[PDB]
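One structure below.
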Amino acid sequence: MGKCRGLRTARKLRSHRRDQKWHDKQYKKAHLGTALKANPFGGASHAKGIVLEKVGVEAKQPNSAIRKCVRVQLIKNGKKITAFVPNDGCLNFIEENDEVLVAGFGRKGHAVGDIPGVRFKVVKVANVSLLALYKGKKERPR
Amino acid sequence: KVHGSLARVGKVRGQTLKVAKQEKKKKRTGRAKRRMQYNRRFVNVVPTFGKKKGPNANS
Amino acid sequence: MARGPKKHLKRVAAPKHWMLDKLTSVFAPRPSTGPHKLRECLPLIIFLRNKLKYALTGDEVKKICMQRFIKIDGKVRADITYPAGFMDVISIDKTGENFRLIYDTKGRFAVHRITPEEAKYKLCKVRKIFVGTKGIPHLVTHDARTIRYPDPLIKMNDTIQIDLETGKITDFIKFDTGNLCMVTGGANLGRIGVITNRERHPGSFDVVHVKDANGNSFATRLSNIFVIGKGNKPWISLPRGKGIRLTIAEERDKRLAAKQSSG
Amino acid sequence: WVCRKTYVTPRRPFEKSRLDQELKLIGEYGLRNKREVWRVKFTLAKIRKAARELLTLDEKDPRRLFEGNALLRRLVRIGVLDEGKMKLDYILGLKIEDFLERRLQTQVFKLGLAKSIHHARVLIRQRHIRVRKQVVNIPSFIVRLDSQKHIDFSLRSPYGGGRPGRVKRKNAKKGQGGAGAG
Amino acid sequence: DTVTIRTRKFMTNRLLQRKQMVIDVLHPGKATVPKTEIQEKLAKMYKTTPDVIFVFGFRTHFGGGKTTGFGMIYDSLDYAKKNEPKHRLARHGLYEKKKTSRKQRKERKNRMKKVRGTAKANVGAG
RNA sequence: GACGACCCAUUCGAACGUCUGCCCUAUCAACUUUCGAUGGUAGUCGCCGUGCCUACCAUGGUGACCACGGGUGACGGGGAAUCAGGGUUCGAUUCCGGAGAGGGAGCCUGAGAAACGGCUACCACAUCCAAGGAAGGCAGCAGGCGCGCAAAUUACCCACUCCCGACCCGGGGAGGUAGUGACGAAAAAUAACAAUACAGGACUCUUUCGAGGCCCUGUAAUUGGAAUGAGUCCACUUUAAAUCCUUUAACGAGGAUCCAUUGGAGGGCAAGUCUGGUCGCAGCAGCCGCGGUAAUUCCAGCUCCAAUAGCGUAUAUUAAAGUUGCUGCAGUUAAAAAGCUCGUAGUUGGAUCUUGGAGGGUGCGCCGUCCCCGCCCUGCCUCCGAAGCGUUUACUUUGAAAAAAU
């Protein structure tokens, strides 16, 4: 029970807990403010940038495909980031020097699937929603 | 390690022969539709002890 | 803040016992400076238009007051937010009504009509008793009235029948075991009762064990006890209820029994 | 400006057994949606929790006495609850139908004046039903006990009297303009 | 269809020269009623006459055939004209008065501020 | 019938003073004073207490019970969210207390200000000019730029609620009022009832065939009568005046509508042992995994499911998570008992000092059943009250004192 049991010993128990909390990764991340300091997105949920170039990335085994992302300079902190472009032929819709709204995978910062070193996805261009673009609700305005 | 191509981007979407919309019916407003569900599911819906059956079956 | 006296009251930060609603506006009246402390008072406006229903607007309350319609303790008061309080009289003449501001057993200034006499006099609790300037002595009552030359028996916490036209104490009651009492603050605010005991603390804080006409016992701080006469013999009107205090069950038992049948 | 939610969804989402149960409730009870049921599963859980707390308290305990009796009396006014119940030991052993049974909709069926939990809801939502001086359009209502008798069609909706119907009245003048004259 | 005007919760209020009460208007089955019809109709129950029975509030209830409001009837037409909200007297053919609408006037005053005392000067400028 | 003054108290306060409770950090362990650090003593100062300041004179005060130093997606609290219980996290933001009005510093007035819708300098910014001059501060209300993931009218009114002034009367971007407004929360429309017509099942009758039959659901066939606001609109209400709501004459439901959506249907996971197309391609896929020619995962339809005027997606954080474990973890081998012992702080500490009978609550039909109480089979002394008065506590118990909103 690895832990005193004296009526007094609040301070030891209280503090021993403070000492071990660190190992928790979610906890440490939060106390070290990692999201502000390391992360490309601010510690925000979405982030907008300009498209530098279009990449065809080489999906990891045992899968085999060309992935199709763009490389993006985030306006907020000039950070360089590669982001996936989802659905069929949607690259089509984003051009070099584009602008785009990027969002996390939903993986907690950890890349997704077979898609290697890509941690973000495009959501908007034409300020304009790949979904609405892919469907043809709305266009590549211009 | 990337080199490669995209020539083929969007090959199936563009090769998938479009289909009409056809049409037909409206399905029903809120609670009424719930009612049709409950009668089709449960009243309907008598069931047999056929060892079961299905919702989106063909033959 | 921080350079001077507040002039507004955010409603909601007003005292509950006025029972102003939550919606309506942002600000409550906020008592003028006067004879009663701001928490412990009842701005006329609340009386005229919040309890008595004579007024609707605040614009109306004012229109009433400027007539001179209303006197507090005998001497027309013309301020919307005048701070009236416990033992105050309030007399609307061309309407013939005399009311004494004295508590509910809820702890709410009660609407309590009194006779056309009585309206003459009020009972004040002595707060301090003083040798003023030139060697004269004075007493100071709760309601902030200073009377010189009082009679030498009168001591802090005693109460005192003031005339009212004239000022003038026209007797007194000592604070002694067995006197009738009115509770003017705290959990027990509104309960009336005899005494029993004063527990005394040096440094600070004297408690008064009170027993009611039902052998219900309770304590409050001496600060909260007001003497109003001799057991079974109040020196003023008491409101309906004789400051009794009944359990929420007893309260329910009375509410359903007195009506939907019982006349 | 204070507000609160009135319903709660179930921890979990796909438990055939629960889904069927809810569907039978919608059907019997001319309900509209799962929320319609969820709202009641929620209403009930709070009542039961209110009950359970009380039942752990000492009997005679001013707090237990004063609030227990009140919860009961409230639960009885609406007919939801009955006397032997009408103590806390019985609310603990209670259920959703008991509430669901008191809504309008099912009553307008329950005395002929609808012949369907169906008909009932469209009747209610269409203004042909007063609870004695008052139209009530809330198929969602909750009919109090000594209020059971005052439910009836309204003073003017046609049944309830009053001309015919913006569509019946159309039909009267439908046999009027042509077949009468030119 | 007959109506019926019913005056609930009465107060004789001398210190504002008027009897103040709720107005409960049944209209069984249509809706409604005019403010003018209401004051006419009340005028004849309190032995007072129209021009002393102001009437206000009002919201027909739910579903039809009733409307609850509020009324006042004044003991001196003088007493009304003085205890009176002004907007109330304006509403019926006895009170009306000047508008603006307000920022033109504030602008005038702020123009006047620039000018030393005199200000009447600023009046001729507005 | 139209305010001053002196001094005292009062009221609203103010300014300081008590304790007790605060985040992370030791890759911060000694700190604080010759430009007072801690104390004496006296004065000057202040509304006043006080090293506030200054002289002289001491050499103090603080720390492993975390000081000092540093950091900070720290204004503090009432509160909020997450519900076994324990807990876990947030709190700028409708109230309270504190702080600031471009950055810094100073000051006038006045009872109250170290004020910026006062002033003054510098410092940073910007503006007018006939170039010498001159005038300015939206973290007020609107609005605009920049910023970004992200946030509304350059609208009406002092009538409500209150405030201020010489004031009933004036003035209030306080505040109300409308406009924008799927933060989010409540109510819950887009169609109900027969009939034929049929499709059907428990019931009965019959040896069977067969027939009847109640409960009805669909599903068409159209019927058939039976309906209501969503829109629209005399009138009226609302209110300062309007709007909308809540009110209604005249209109407004046969479907091709007055036309409901958004995700899913291989497993977890609710729902295609589909049809066309492709053939590890495009794509799908949080995870496991699908697709390399009969693809129930794709791409489309068809069909079906789920939540439904809402639903998907991303993200902080919480629940789940007994994966931070007080309650309530694991450590022989899975991630983890220091090579061993001494040892201060800290924690932790043996036994032993006083021993039925009835009163009151709620069930069951005058009887009793089952708690609770002083008892049977313990403050001394001073000399009833008062007072002396406590051996210290922690603890626990009973009171008061305990902001409203929540």
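Virtual Cβ from ideal backbone geometry, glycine too; neighbours counted across all protein chains shown. No value in this document is a laboratory result; all are computed from the given coordinates.
Once the Cα atoms of helix E:103-114 and of chain E are each reduced to a long axis, what angle between those two axes, in degrees from 0 to 90 to the nearest 10, is obtained?
Between helix and principal axis, roughly 30 degrees.
May I ask you to list the chymotrypsin sites (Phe, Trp or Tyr not before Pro) in region C:180-254 that are in a DSSP loop and have at most 11 other Cβ atoms within 10 Å of their Cβ?
Those that pass, being in a loop and sparsely packed, are C:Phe205.
With the dipole of region C:175-245 worked out from charges on the C-beta (+1 for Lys and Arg, -1 for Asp and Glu) around the Cα centre, which of C:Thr177, C:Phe205, C:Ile192 lies farthest toward the positive end?
Farthest along the dipole direction, towards plus: C:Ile192.
Can you check what the Kirkwood hydrodynamic radius comes to for chain B, Cα pairs only, in Å to one decimal?
When all Cα pairs of chain B are included, the Kirkwood radius is 16.9 Å.
What's the longest piece of chain A with no exposed GluC sites (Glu not before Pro), counting a site as exposed if DSSP puts it in a loop and it has at most 15 other beta carbons within 10 Å?
The longest uninterrupted stretch comes out as A:1-94.
With each run of n ≥ 4 DSSP H residues scored as -39500 (n - 2.57), what mean residue ellipticity at 222 nm is computed for chain C after dividing by its residue count and rounding to the nearest 500 deg cm²/dmol?
Mean residue ellipticity at 222 nm (helix-derived): -2500 deg cm²/dmol.
Summarise the partner chain shielding of E:11-23 as one whole number: the mean count of Cβ atoms from other chains within 10 Å of each residue's Cβ. Show your work: numbers first, answer last.
On the way: counts 3, 1, 7, 7, 16, 9, 2, 0, 0, 3, 0, 0, 0.
Partner-chain Cβ atoms within 10 Å, mean over residues of E:11-23: 4.
Considering only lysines 8 or more places apart in sequence, or on different chains, count the pairs in region C:122-172 whose C-alpha atoms sit under 18 Å apart.
Summing the qualifying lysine pairs gives 6.
Count the net charge of all other residues whose Cβ sits under 9 Å from the Cβ of E:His92, scoring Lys and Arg as +1 and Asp and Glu as -1.
+2
When chain B is modelled as a GNM with alpha-carbon springs shorter than 10 Å, which of B:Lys33, B:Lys11, B:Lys21 fluctuates the most?
Maximum fluctuation in the GNM of chain B, among the listed residues, is at B:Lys11.
Counting other C-beta atoms within 10 Å, which of B:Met36, E:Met72, C:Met66, C:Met1 has the fewest, and how do the rest follow?
Starting with the residue having the fewest Cβ neighbours, the order is C:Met1, C:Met66, B:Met36, E:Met72.
Along the charge dipole of chain A, Cβ charges K/R +1 and D/E -1, which of A:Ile75, A:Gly43, A:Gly33 sits furthest on the positive end?
A:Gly33
Counting only C-alpha contacts under 8 Å and six or more residues apart, can you give the relative contact order of region C:175-245 as a whole percent?
Reported as a whole number, the value is 35 percent.
For region D:1-67, which GluC sites (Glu not before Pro) pass both filters: DSSP loop (anything but H, G, I, E, B) and at most 16 other C-beta atoms within 10 Å?
D:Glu15, D:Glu59
Measure out, as a whole number of angstrom, how far apart the alpha-carbon centroids of region E:24-83 and region A:1-64 sit.
If you average the Cα positions of each part, the centres end up 70 Å apart.
Run the numbers on region D:13-175 and let me know its relative contact order in percent, using alpha-carbon pairs under 8 Å that are six or more apart.
Working: 166 pairs, mean separation 25.7, N = 163.
After rounding, I find 16 percent.
I'd like the chymotrypsin sites (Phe, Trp or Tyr not before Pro) in chain B restricted to DSSP loop residues with at most 12 other Cβ atoms within 10 Å, sorted by number.
Those that pass, being in a loop and sparsely packed, are B:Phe49.
Within chain D, which is the longest segment containing none of the chymotrypsin sites (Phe, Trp or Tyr not before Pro) that sit in a DSSP loop and have at most 13 other Cβ atoms within 10 Å? Walk me through the intermediate numbers first.
Working: sites that count: D:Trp1, D:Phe14, D:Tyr159.
After excluding every exposed loop site, the longest remaining stretch is D:15-158.
Using 0.36 nm per residue of separation minus the Cα-Cα distance, give me the extension gain between D:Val76 and D:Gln21 in nm, one decimal.
In short, 17.2 nm is gained.
Could you compute Rg(Cα) / (2.2 N^0.38 Å) for region D:13-175, with N its residue count?
That ratio works out to 1.31.
For region C:1-63, what log10 I(q)/I(0) values come out of the Debye formula at q = 0.15 1/Å, with one point per alpha carbon and no solvent?
The Debye formula, applied to the Cα set alone, gives -0.49.
Work out Dmax and Rg for region C:122-172 from the C-alpha atoms and quote the Rg first, both in angstrom.
9.8, 29
Please compute the Kirkwood hydrodynamic radius over region C:134-263, one decimal place, Å, based on all pairs of different Cα atoms.
When all Cα pairs of region C:134-263 are included, the Kirkwood radius is 16.7 Å.
On a C-alpha basis, how far is the centre of region C:1-71 from the centre of region D:1-74 in Å? Whole number, if you could?
Using only Cα atoms, the two centres lie 43 Å from each other.
Measure of size requested: the Rg and Dmax of region C:2-117, with Cα atoms as the atom set and Å as the unit; please supply both.
In order Rg, Dmax, the Cα atoms of region C:2-117 give 13.9, 48 Å.
Given N residues in the protein assembly as shown, what is Rg(Cα) / (2.2 N^0.38 Å)?
1.42
Convert 4 °C to kelvin, take the viscosity as 1.567 mPa s, use the Kirkwood radius over C-alpha pairs of chain A as Rh, and evaluate the Stokes-Einstein diffusion coefficient in µm²/s, rounded to a whole number.
D, rounded to a whole number, is 73 µm²/s.
How long are the semi-axes of the ellipsoid equivalent to chain E, from square roots of 5 times the Cα gyration tensor eigenvalues, in whole Å, largest first?
For chain E, the semi-axes come out at 42, 19, 11 Å.
Separation between the A:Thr34 and C:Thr166 pseudo-spin-labels, each 7 Å from Cα along Cα→Cβ, expressed in nm?
My value for the distance between the label points is 8.8 nm.
Which semi-axes, in whole Å and largest first, does the equivalent ellipsoid of region D:92-155 have when worked out from the alpha carbon gyration tensor as the square roots of 5 times its eigenvalues?
Output for region D:92-155: semi-axes of 20, 13, 10 Å.
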